[PDB]
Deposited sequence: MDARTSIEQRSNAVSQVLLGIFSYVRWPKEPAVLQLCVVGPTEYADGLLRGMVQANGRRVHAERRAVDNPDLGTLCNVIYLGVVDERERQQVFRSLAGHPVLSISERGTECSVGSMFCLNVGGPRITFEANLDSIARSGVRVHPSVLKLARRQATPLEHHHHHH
């Protein structure tokens, strides 16, 4: 069930956000969905964190040069290697949480990579990406909220 998985993806992302800190916390958390996705329809309706902060969601282009300043979070879909490189050049130097919908590979690119097929959603963490991202991640994430 795609709608059911989409709802689980929303819940997992909210769980993850709760463990992440930005150097200057926004009043409104900006989420950008970038590239082809199956499970982002829930995200795109927008969400609210338990702490009361709204999550505003927009779909944006891979080649938008301002992803780094428009987004606090990027939910990255199924893009090719060149598109991936372009996205992360745009994010370089900006404090951006990155999560990929798929996780067949999680050694290049996103901080977390979801595995949405199967019984429950799981994820892999890319420690090198986390170290370079500019956001702070609580080890408790590395889903129950903080």
Exercise for the section: Mind pulling out the bits of the deposited sequence that never got modelled, as residue ranges from 1? Expected result: 1-5, 148-156, 161-164
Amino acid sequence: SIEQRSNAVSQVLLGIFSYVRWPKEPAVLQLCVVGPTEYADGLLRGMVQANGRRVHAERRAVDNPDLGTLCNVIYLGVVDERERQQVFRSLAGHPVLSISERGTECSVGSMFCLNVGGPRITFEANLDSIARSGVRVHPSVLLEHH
From here on, numbers count along this sequence of modelled residues.
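Each form is matched to the other, and the largest set of C-alpha atoms that superpose within 1.5 Å is called the rigid core.
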Practice task
May I ask which stretch, 97-105 or 47-55, sits farther from the shown form in 6 other deposited structures of this protein once every structure is superposed on the core, judging by RMS CA distance?
Solution key: 97-105
Completion exercise
Core-superposed comparison in 6 other deposited structures of this protein: bigger Cα RMS shift among 36-44 and 106-114 is in 106-114
Exercise for the section: Pick between 31-39 and 97-105: the one whose mean CA B-factor in the entry is higher. Expected result: 97-105
Problem - 109-117 or 56-64, whichever carries the higher mean Cα B-factor - result: 109-117
Exercise for the section: Check where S133 lands among this chain's C-alpha B-factors and tell me if it's the lowest, middle or highest third. Expected result: highest
Exercise for the section: Could you look up the Cα B-factor of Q11 in the entry and say which third of the chain it sits in: lowest, middle or highest? Expected result: middle
Completion exercise
By the entry's values, the third containing the CA B factor of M47 is the lowest
